[PDB]
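Enquirer: Sharing a structure below in structure tokens format, with a few things to ask.
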Amino acid sequence: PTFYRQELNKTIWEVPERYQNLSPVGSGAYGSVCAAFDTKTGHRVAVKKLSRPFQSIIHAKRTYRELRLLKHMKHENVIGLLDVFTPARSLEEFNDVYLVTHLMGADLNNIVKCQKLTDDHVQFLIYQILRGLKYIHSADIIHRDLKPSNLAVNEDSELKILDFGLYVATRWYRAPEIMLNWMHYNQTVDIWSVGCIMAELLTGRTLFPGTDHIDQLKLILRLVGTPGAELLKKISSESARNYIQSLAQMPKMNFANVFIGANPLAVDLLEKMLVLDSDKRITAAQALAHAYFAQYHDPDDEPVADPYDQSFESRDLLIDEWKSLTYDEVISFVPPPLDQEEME
Ligand SMILES: C[C@]1(C(=O)NC[C@]2(N)[C@@H]3C[C@H]4C[C@@H](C3)C[C@@H]2C4)CN(S(=O)(=O)c2ccc(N3C(=O)CCC3=O)nc2)CCO1
Ligand SMILES: Nc1nccc(-c2c(-c3ccc(F)cc3)ncn2C2CCNCC2)n1
Ligand SMILES: [Ca+2]
Ligand SMILES: [Ca+2]
Ligand SMILES: [Ca+2]
Ligand SMILES: [Ca+2]
Ligand SMILES: [Cl-]
């Protein structure tokens, strides 16, 4: 392909002539994103230019990580790849990586903020998050920072999870075991996040808007109740355990007295997601079977992922080795068919 250059976000982008009318649509993880028109297919796409992908061993491995992950993700509610390109003609010239996915116009914050959502619409939004989570979790991939700004949505409320498996960030949706660095966690960290998101879709208000990690924990405990001694097992810091243990005991609230006028099935699902005991938290696959989603649930259309080889994560390699592996993954990429779906 012939490439052209255009200054976007104060830096030069070099992209194939296939992609036209680039326009900035915000930052991404380790990069920045432009909307574009794919002249090959007439489809709208989003192109992410990674920022300094091989500047350091940290950038280089995270570039490889992200490319490997996105090449593996093939699910309608998870960001995956239509294309990946570089202006480099050889490994020796290779210093820039661009990732292409279908364009999604907004994030979940754009949906709820100016819109009184119906319960049927909330069901659809949460259903899609859970469908995507079932898929990524089945490949032993966890998001760990799921939140409305990491949920891409389009003009028809179709939703995809992004920035999974990888500046002041909001902590309001993080699982307590993540926010407080507890010693053990599982895939259900993301289910806590879904509960926080769903609660906000039902009320219009952030569920746990803490000003710091201690304020947020206090808000959490007011809803779910003081934890038992067994939960302290997970907390390394003695000062943290002593503090939590010292707090005045609080009962769990009945969520039916919290989410007023909500579908009782929504309240029941929230009770199963917003539990401190991550071994008692509902899984994504279990949640998809909950009656709240009855009108959407379809077991034939809730697939799992192919096995995902993450052995590279334990390895320390040199920058040029991560760079060469990344180049290999660029070159071996096989674009998917434009139409990959059929009537049920
Ligand atoms: C959850 C809620 C709320 O108490 N927030 C305070 C807390 N953050 C605080 C105190 C305890 C424990 C912790 C710390 C978590 C919360 C509860 C509820 N209020 S509402 O009552 O004004 C309302 C507002 C809306 C709705 N609604 C509908 O209108 C339809 C469905 C639905 O849920 N239902 C209720 C708005 C703000 O968000
Ligand atoms: N508009 C749009 N549409 C799809 C994806 C993105 C996108 C990507 C991204 C990831 C991989 C890829 F290959 C291409 C783009 N990273 C962050 N975002 C946006 C997510 C919503 N807030 C603005 C940034 N943005
Ligand atoms: Ca119940
Ligand atoms: Ca169906
Ligand atoms: Ca088709
Ligand atoms: Ca079927
Ligand atoms: Cl967010």
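FYI, nothing fancy with the structure tokens labels: chains A, B, ... in order, residues from 1 per chain, ligands from 1 as they appear.
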So that I can see what lies close to residue 167 (chain A), please list as a short mmCIF file (atom, residue, chain, number, x, y, z; two decimals) with N, CA and C atoms, in the first residue's frame the residues with an atom at most 12 Å from it, counting only C-alpha atoms and leaving out residues fewer than 5 positions away in the same chain.

Expert:
```
data_model
loop_
_atom_site.label_atom_id
_atom_site.label_comp_id
_atom_site.auth_asym_id
_atom_site.auth_seq_id
_atom_site.Cartn_x
_atom_site.Cartn_y
_atom_site.Cartn_z
N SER A 27 -7.95 9.45 23.53
CA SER A 27 -6.84 8.58 23.87
C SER A 27 -7.34 7.17 24.13
N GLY A 28 -6.44 6.20 23.93
CA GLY A 28 -6.66 4.83 24.33
C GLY A 28 -5.54 4.41 25.27
N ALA A 29 -5.58 3.15 25.66
CA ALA A 29 -4.50 2.61 26.49
C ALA A 29 -3.20 2.66 25.70
N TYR A 30 -2.24 3.45 26.17
CA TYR A 30 -0.92 3.53 25.56
C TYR A 30 -0.94 4.11 24.15
#
```

Enquirer: What are the closest atom pairs, with distances in Å to one decimal, for all residues of chain A lying within 7 Å of ligand 1? Consider only C-alpha atoms and all ligand atoms, order rows by chain and residue number, and present the result as a Markdown table.

Expert:
```
| residue | atom | partner | partner_atom_place_in_ligand_line | distance |
| --- | --- | --- | --- | --- |
| A:199 | CA | ligand 1 | 1 (C) | 6.9 |
| A:202 | CA | ligand 1 | 31 (C) | 4.7 |
| A:203 | CA | ligand 1 | 25 (C) | 3.9 |
| A:204 | CA | ligand 1 | 25 (C) | 6.9 |
| A:205 | CA | ligand 1 | 37 (C) | 5.1 |
| A:206 | CA | ligand 1 | 38 (O) | 6.6 |
| A:207 | CA | ligand 1 | 8 (N) | 4.6 |
| A:208 | CA | ligand 1 | 8 (N) | 5.1 |
| A:209 | CA | ligand 1 | 8 (N) | 6.8 |
| A:219 | CA | ligand 1 | 14 (C) | 4.3 |
| A:220 | CA | ligand 1 | 13 (C) | 5.7 |
| A:222 | CA | ligand 1 | 12 (C) | 4.6 |
| A:223 | CA | ligand 1 | 12 (C) | 3.9 |
| A:258 | CA | ligand 1 | 1 (C) | 5.4 |
| A:259 | CA | ligand 1 | 33 (O) | 3.3 |
| A:260 | CA | ligand 1 | 34 (N) | 3.8 |
| A:261 | CA | ligand 1 | 30 (C) | 4.7 |
| A:262 | CA | ligand 1 | 31 (C) | 3.9 |
```

Enquirer: If you keep C-alpha atoms, can you produce a file of those selected residues as a compact mmCIF listing (two decimals), in the first residue's frame?

Expert:
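Written out: selection_35.txt:
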```
# COMPACT_ATOMS: atom_id res chain seq x y z
CA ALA A 199 -26.56 0.28 39.93
CA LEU A 202 -30.73 2.17 37.49
CA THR A 203 -30.36 5.31 39.64
CA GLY A 204 -28.38 7.73 37.49
CA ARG A 205 -25.85 8.14 40.31
CA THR A 206 -22.48 6.64 41.13
CA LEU A 207 -22.91 3.92 43.74
CA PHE A 208 -19.65 4.38 45.70
CA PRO A 209 -18.32 7.89 44.93
CA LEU A 219 -19.31 3.61 51.45
CA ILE A 220 -18.99 0.00 50.30
CA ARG A 222 -22.41 0.74 54.46
CA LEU A 223 -24.18 -1.08 51.62
CA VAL A 258 -31.94 1.03 48.12
CA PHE A 259 -32.98 0.69 44.46
CA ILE A 260 -36.53 2.02 44.70
CA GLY A 261 -38.92 1.18 41.88
CA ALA A 262 -36.43 -1.14 40.22
```

Enquirer: Hey, what's within 9 Å of region 155-161 of chain A if we count only C-alpha atoms and toss same-chain stuff fewer than 6 positions away? As a list in words, please?

Expert: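 The neighbour list is residues 75, 76, 77, 78, 79, 104, 105, 106, 107, 108, 111, 121, 124, 125, 128, 129, 132, 133, 143 and 146 of chain A.
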
Enquirer: Counting only C-alpha atoms and all ligand atoms, which protein, DNA or RNA residues come within 8 Å of ligand 4, given as a list in words?

Expert: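 After applying the 8 Å limit, what remains is residues 296, 297, 298, 300, 301 and 344 of chain A.
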
Enquirer: Step one, run DSSP on the backbone; step two, keep only residues of region 8-216 of chain A assigned to helix (DSSP H, G or I); then write them as a VMD selection string.

Expert: chain A and resid 57 to 72 91 to 93 108 to 112 119 to 138 148 to 150 176 to 179 189 to 203 213 to 216

Enquirer: Could you work out how far CA of residue 276 (chain A) lies from CA of residue 190 (chain A), giving the answer in Å with one decimal?

Expert: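 Straight-line distance from CA of residue 190 (chain A) to CA of residue 276 (chain A) works out to 12.5 Å.
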
Enquirer: Can you tell me how far CA of residue 269 (chain A) sits from CA of residue 288 (chain A), in Å to one decimal?

Expert: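 A separation of 10.3 Å between them.
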
Enquirer: Can you tell me which residues surround residue 294 (chain A) at a distance of at most 12 Å, considering only C-alpha atoms, apart from same-chain residues fewer than 6 positions away, and format the answer as a list in words?

Expert: residues 120, 123, 124, 127, 265, 266, 287 and 288 of chain A

Enquirer: Would you tabulate, counting only C-alpha atoms and all ligand atoms, all residues of chain A that have an atom at most 12 Å from an atom of ligand 3, showing the closest pair of atoms and their distance in Å to one decimal, sorted by chain then ascending number, as JSON lines?

Expert:
```
{"residue": "A:254", "atom": "CA", "partner": "ligand 3", "partner_atom_place_in_ligand_line": "1 (Ca)", "distance": 8.9}
{"residue": "A:255", "atom": "CA", "partner": "ligand 3", "partner_atom_place_in_ligand_line": "1 (Ca)", "distance": 8.4}
{"residue": "A:256", "atom": "CA", "partner": "ligand 3", "partner_atom_place_in_ligand_line": "1 (Ca)", "distance": 8.3}
{"residue": "A:257", "atom": "CA", "partner": "ligand 3", "partner_atom_place_in_ligand_line": "1 (Ca)", "distance": 11.8}
{"residue": "A:263", "atom": "CA", "partner": "ligand 3", "partner_atom_place_in_ligand_line": "1 (Ca)", "distance": 11.1}
{"residue": "A:264", "atom": "CA", "partner": "ligand 3", "partner_atom_place_in_ligand_line": "1 (Ca)", "distance": 7.6}
{"residue": "A:265", "atom": "CA", "partner": "ligand 3", "partner_atom_place_in_ligand_line": "1 (Ca)", "distance": 7.6}
{"residue": "A:266", "atom": "CA", "partner": "ligand 3", "partner_atom_place_in_ligand_line": "1 (Ca)", "distance": 9.1}
{"residue": "A:267", "atom": "CA", "partner": "ligand 3", "partner_atom_place_in_ligand_line": "1 (Ca)", "distance": 6.7}
{"residue": "A:268", "atom": "CA", "partner": "ligand 3", "partner_atom_place_in_ligand_line": "1 (Ca)", "distance": 4.0}
{"residue": "A:269", "atom": "CA", "partner": "ligand 3", "partner_atom_place_in_ligand_line": "1 (Ca)", "distance": 7.4}
{"residue": "A:270", "atom": "CA", "partner": "ligand 3", "partner_atom_place_in_ligand_line": "1 (Ca)", "distance": 8.7}
{"residue": "A:271", "atom": "CA", "partner": "ligand 3", "partner_atom_place_in_ligand_line": "1 (Ca)", "distance": 6.6}
{"residue": "A:272", "atom": "CA", "partner": "ligand 3", "partner_atom_place_in_ligand_line": "1 (Ca)", "distance": 8.2}
{"residue": "A:273", "atom": "CA", "partner": "ligand 3", "partner_atom_place_in_ligand_line": "1 (Ca)", "distance": 11.4}
{"residue": "A:290", "atom": "CA", "partner": "ligand 3", "partner_atom_place_in_ligand_line": "1 (Ca)", "distance": 11.6}
{"residue": "A:291", "atom": "CA", "partner": "ligand 3", "partner_atom_place_in_ligand_line": "1 (Ca)", "distance": 11.7}
{"residue": "A:292", "atom": "CA", "partner": "ligand 3", "partner_atom_place_in_ligand_line": "1 (Ca)", "distance": 11.7}
```

Enquirer: Please write the residues from the selection above to a file, keeping C-alpha atoms, as a compact mmCIF listing (two decimals), in the first residue's frame.

Expert:
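Wrote it out as result_27.txt, contents follow:
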```txt
# COMPACT_ATOMS: atom_id res chain seq x y z
CA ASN A 254 -31.62 -4.87 51.87
CA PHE A 255 -31.06 -3.68 48.32
CA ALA A 256 -34.83 -3.54 47.77
CA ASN A 257 -34.81 -0.52 50.11
CA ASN A 263 -37.30 -4.45 38.60
CA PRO A 264 -37.11 -6.97 41.49
CA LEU A 265 -35.02 -9.20 39.23
CA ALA A 266 -32.51 -6.36 38.83
CA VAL A 267 -32.30 -5.99 42.60
CA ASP A 268 -31.77 -9.74 43.01
CA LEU A 269 -28.96 -9.73 40.45
CA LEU A 270 -27.30 -6.76 42.19
CA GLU A 271 -27.41 -8.71 45.47
CA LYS A 272 -25.52 -11.56 43.77
CA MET A 273 -22.86 -9.29 42.24
CA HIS A 290 -30.37 -15.05 35.57
CA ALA A 291 -34.02 -14.32 34.84
CA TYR A 292 -33.29 -10.57 34.59
```

Enquirer: Considering only C-alpha atoms, can you say which of A:182, A:165, A:221, A:322 comes closest to residue 238 (chain A)?

Expert: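 Of A:182, A:165, A:221, A:322, the one nearest residue 238 (chain A), counting only C-alpha atoms, is A:182.
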
Enquirer: So that I can check the secondary structure, give me every residue of region 92-306 of chain A assigned strand (DSSP E) by backbone DSSP, as a compact mmCIF listing (two decimals) with N, CA, C and O atoms, in the first residue's frame.

Expert:
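Contents of out.txt, freshly written:
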```txt
# COMPACT_ATOMS: atom_id res chain seq x y z
N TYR A 98 -0.09 0.43 14.44
CA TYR A 98 -1.44 0.95 14.39
C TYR A 98 -2.41 -0.21 14.38
O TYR A 98 -2.24 -1.17 13.61
N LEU A 99 -3.43 -0.14 15.24
CA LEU A 99 -4.44 -1.17 15.41
C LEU A 99 -5.78 -0.64 14.93
O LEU A 99 -6.13 0.51 15.23
N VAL A 100 -6.54 -1.45 14.18
CA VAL A 100 -7.78 -1.01 13.56
C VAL A 100 -8.92 -1.90 14.05
O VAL A 100 -8.81 -3.13 14.02
N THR A 101 -10.02 -1.28 14.49
CA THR A 101 -11.22 -2.01 14.90
C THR A 101 -12.44 -1.29 14.35
O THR A 101 -12.34 -0.19 13.80
N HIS A 102 -13.63 -1.90 14.46
CA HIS A 102 -14.81 -1.19 13.97
C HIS A 102 -15.09 0.04 14.85
O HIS A 102 -14.92 0.00 16.07
N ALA A 106 -19.09 6.10 21.14
CA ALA A 106 -19.19 6.69 22.46
C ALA A 106 -18.70 5.69 23.50
O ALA A 106 -18.24 4.59 23.17
N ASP A 107 -18.79 6.07 24.77
CA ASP A 107 -18.64 5.12 25.87
C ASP A 107 -19.92 5.10 26.68
O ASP A 107 -20.88 5.82 26.39
N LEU A 151 -16.05 0.85 28.23
CA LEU A 151 -17.12 0.16 27.51
C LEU A 151 -17.47 1.02 26.31
O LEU A 151 -18.08 2.08 26.46
N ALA A 152 -17.06 0.59 25.12
CA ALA A 152 -17.36 1.33 23.90
C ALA A 152 -18.78 1.00 23.46
O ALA A 152 -19.21 -0.16 23.51
N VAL A 153 -19.53 2.02 23.07
CA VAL A 153 -20.92 1.82 22.67
C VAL A 153 -21.18 2.57 21.37
O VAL A 153 -20.55 3.59 21.08
N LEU A 159 -22.41 -2.78 22.46
CA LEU A 159 -21.36 -2.49 23.42
C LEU A 159 -20.21 -3.47 23.25
O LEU A 159 -20.43 -4.66 23.00
N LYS A 160 -18.98 -2.97 23.43
CA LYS A 160 -17.79 -3.83 23.44
C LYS A 160 -16.88 -3.46 24.60
O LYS A 160 -16.70 -2.28 24.91
N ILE A 161 -16.30 -4.48 25.25
CA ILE A 161 -15.34 -4.25 26.31
C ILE A 161 -13.99 -3.93 25.70
O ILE A 161 -13.56 -4.56 24.73
```

Enquirer: Return as a list in words every polymer residue, whether protein, DNA or RNA, with at least one atom no more than 12 Å from an atom of ligand 5; count only C-alpha atoms and all ligand atoms.

Expert: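 If we count only C-alpha atoms and all ligand atoms, the neighbours of ligand 5 turn out to be residues 337, 338, 339, 340, 341, 342, 343 and 344 of chain A.
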
Enquirer: Could you list, as a short mmCIF file (atom, residue, chain, number, x, y, z; two decimals) with N, CA, C and O atoms, in the first residue's frame, every residue within 12 Å of residue 48 (chain A), counting only C-alpha atoms and ignoring same-chain residues fewer than 4 positions away?

Expert:
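Once written, out-v9.cif looks like this:
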```cif
data_model
loop_
_atom_site.label_atom_id
_atom_site.label_comp_id
_atom_site.auth_asym_id
_atom_site.auth_seq_id
_atom_site.Cartn_x
_atom_site.Cartn_y
_atom_site.Cartn_z
N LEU A 8 -1.98 14.57 13.44
CA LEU A 8 -3.17 14.39 14.27
C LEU A 8 -2.70 14.32 15.71
O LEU A 8 -1.71 13.63 16.01
N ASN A 9 -3.37 15.05 16.59
CA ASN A 9 -2.97 15.12 17.99
C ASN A 9 -1.51 15.53 18.15
O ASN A 9 -0.78 14.98 18.97
N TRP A 13 0.89 10.92 11.89
CA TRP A 13 0.38 9.59 11.60
C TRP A 13 0.74 9.23 10.17
O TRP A 13 0.67 10.07 9.27
N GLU A 14 1.14 7.98 9.96
CA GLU A 14 1.47 7.47 8.63
C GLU A 14 0.61 6.25 8.40
O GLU A 14 0.77 5.23 9.09
N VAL A 15 -0.35 6.35 7.48
CA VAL A 15 -1.37 5.31 7.34
C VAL A 15 -1.59 5.00 5.87
O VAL A 15 -1.35 5.83 4.98
N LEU A 22 -9.28 10.80 8.59
CA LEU A 22 -8.96 10.57 9.99
C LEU A 22 -9.32 11.78 10.84
O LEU A 22 -9.05 12.92 10.48
N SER A 23 -9.90 11.51 12.01
CA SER A 23 -10.38 12.53 12.92
C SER A 23 -10.15 12.02 14.34
O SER A 23 -10.50 10.87 14.63
N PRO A 24 -9.58 12.82 15.24
CA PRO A 24 -9.33 12.30 16.59
C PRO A 24 -10.59 12.06 17.40
O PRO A 24 -11.52 12.87 17.43
N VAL A 25 -10.60 10.92 18.10
CA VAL A 25 -11.72 10.55 18.96
C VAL A 25 -11.25 10.12 20.34
O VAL A 25 -11.97 9.42 21.06
N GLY A 26 -10.05 10.53 20.73
CA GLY A 26 -9.62 10.41 22.11
C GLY A 26 -8.46 9.45 22.30
O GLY A 26 -8.01 8.76 21.39
N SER A 27 -7.95 9.45 23.53
CA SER A 27 -6.84 8.58 23.87
C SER A 27 -7.34 7.17 24.13
O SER A 27 -8.50 6.95 24.48
N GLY A 28 -6.44 6.20 23.93
CA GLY A 28 -6.66 4.83 24.33
C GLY A 28 -5.54 4.41 25.27
O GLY A 28 -4.67 5.21 25.63
N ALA A 29 -5.58 3.15 25.66
CA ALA A 29 -4.50 2.61 26.49
C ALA A 29 -3.20 2.66 25.70
O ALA A 29 -3.08 2.01 24.67
N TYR A 30 -2.24 3.45 26.17
CA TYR A 30 -0.92 3.53 25.56
C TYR A 30 -0.94 4.11 24.15
O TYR A 30 -0.02 3.86 23.36
N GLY A 31 -1.96 4.87 23.79
CA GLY A 31 -2.03 5.39 22.44
C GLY A 31 -3.15 6.39 22.31
O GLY A 31 -3.78 6.79 23.29
N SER A 32 -3.39 6.81 21.07
CA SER A 32 -4.48 7.72 20.76
C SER A 32 -5.22 7.20 19.53
O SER A 32 -4.67 6.43 18.74
N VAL A 33 -6.48 7.61 19.38
CA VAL A 33 -7.39 6.96 18.44
C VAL A 33 -7.99 7.99 17.50
O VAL A 33 -8.41 9.07 17.92
N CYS A 34 -8.07 7.63 16.23
CA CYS A 34 -8.79 8.39 15.22
C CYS A 34 -9.89 7.55 14.59
O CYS A 34 -9.69 6.36 14.31
N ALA A 35 -11.03 8.17 14.35
CA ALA A 35 -12.03 7.59 13.46
C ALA A 35 -11.56 7.74 12.02
O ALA A 35 -10.85 8.68 11.67
N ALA A 36 -11.97 6.80 11.17
CA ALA A 36 -11.55 6.83 9.78
C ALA A 36 -12.58 6.10 8.93
O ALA A 36 -13.42 5.35 9.43
N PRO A 53 5.90 2.65 21.09
CA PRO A 53 5.69 1.26 21.49
C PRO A 53 6.95 0.53 21.92
O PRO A 53 6.84 -0.48 22.64
N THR A 63 3.21 -3.53 24.26
CA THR A 63 2.81 -3.55 22.85
C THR A 63 2.54 -4.98 22.39
O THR A 63 1.49 -5.26 21.79
N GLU A 66 -0.67 -6.32 24.02
CA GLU A 66 -1.92 -5.80 23.47
C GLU A 66 -2.20 -6.38 22.10
O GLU A 66 -3.34 -6.77 21.81
N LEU A 67 -1.18 -6.46 21.25
CA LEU A 67 -1.38 -7.04 19.93
C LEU A 67 -1.78 -8.51 20.01
O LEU A 67 -2.70 -8.95 19.30
N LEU A 81 -9.69 -7.06 16.20
CA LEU A 81 -8.93 -6.38 15.16
C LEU A 81 -9.50 -6.64 13.78
O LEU A 81 -9.76 -7.79 13.41
N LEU A 82 -9.66 -5.57 13.01
CA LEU A 82 -9.90 -5.67 11.58
C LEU A 82 -8.60 -5.62 10.81
O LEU A 82 -8.52 -6.16 9.69
N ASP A 83 -7.59 -4.97 11.37
CA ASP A 83 -6.33 -4.75 10.67
C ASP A 83 -5.30 -4.33 11.70
O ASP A 83 -5.64 -3.85 12.79
N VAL A 84 -4.04 -4.53 11.34
CA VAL A 84 -2.92 -3.97 12.08
C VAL A 84 -1.85 -3.64 11.05
O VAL A 84 -1.62 -4.43 10.12
N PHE A 85 -1.27 -2.45 11.14
CA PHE A 85 -0.33 -2.03 10.11
C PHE A 85 0.82 -1.23 10.71
O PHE A 85 0.77 -0.74 11.84
N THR A 86 1.88 -1.12 9.90
CA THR A 86 3.02 -0.32 10.25
C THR A 86 3.57 0.26 8.95
O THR A 86 3.53 -0.42 7.92
N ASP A 96 6.59 1.79 14.78
CA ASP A 96 5.24 2.30 14.98
C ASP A 96 4.24 1.20 14.66
O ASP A 96 4.42 0.45 13.70
N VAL A 97 3.16 1.14 15.44
CA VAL A 97 2.14 0.10 15.35
C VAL A 97 0.78 0.78 15.39
O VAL A 97 0.51 1.59 16.28
N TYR A 98 -0.09 0.43 14.44
CA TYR A 98 -1.44 0.95 14.39
C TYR A 98 -2.41 -0.21 14.38
O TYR A 98 -2.24 -1.17 13.61
N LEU A 99 -3.43 -0.14 15.24
CA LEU A 99 -4.44 -1.17 15.41
C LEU A 99 -5.78 -0.64 14.93
O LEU A 99 -6.13 0.51 15.23
N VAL A 100 -6.54 -1.45 14.18
CA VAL A 100 -7.78 -1.01 13.56
C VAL A 100 -8.92 -1.90 14.05
O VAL A 100 -8.81 -3.13 14.02
N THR A 101 -10.02 -1.28 14.49
CA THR A 101 -11.22 -2.01 14.90
C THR A 101 -12.44 -1.29 14.35
O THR A 101 -12.34 -0.19 13.80
N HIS A 102 -13.63 -1.90 14.46
CA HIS A 102 -14.81 -1.19 13.97
C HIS A 102 -15.09 0.04 14.85
O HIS A 102 -14.92 0.00 16.07
N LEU A 103 -15.54 1.13 14.22
CA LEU A 103 -15.79 2.36 14.95
C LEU A 103 -16.98 2.22 15.90
O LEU A 103 -18.07 1.80 15.49
#
```

Enquirer: Counting only C-alpha atoms and all ligand atoms, which of A:274, A:117, A:47, A:12 gets nearest to ligand 2?

Expert: A:47

Enquirer: Would you mind listing the residues within 9 Å of ligand 7, counting only C-alpha atoms and all ligand atoms, as a ChimeraX atom specification?

Expert: /A:107-109,146-151,169-173

Enquirer: Between A:52, A:10, A:74, A:61, which residue has the minimum interatomic distance to residue 335 (chain A), considering only C-alpha atoms?

Expert: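 Result for the nearest residue to residue 335 (chain A): A:74.
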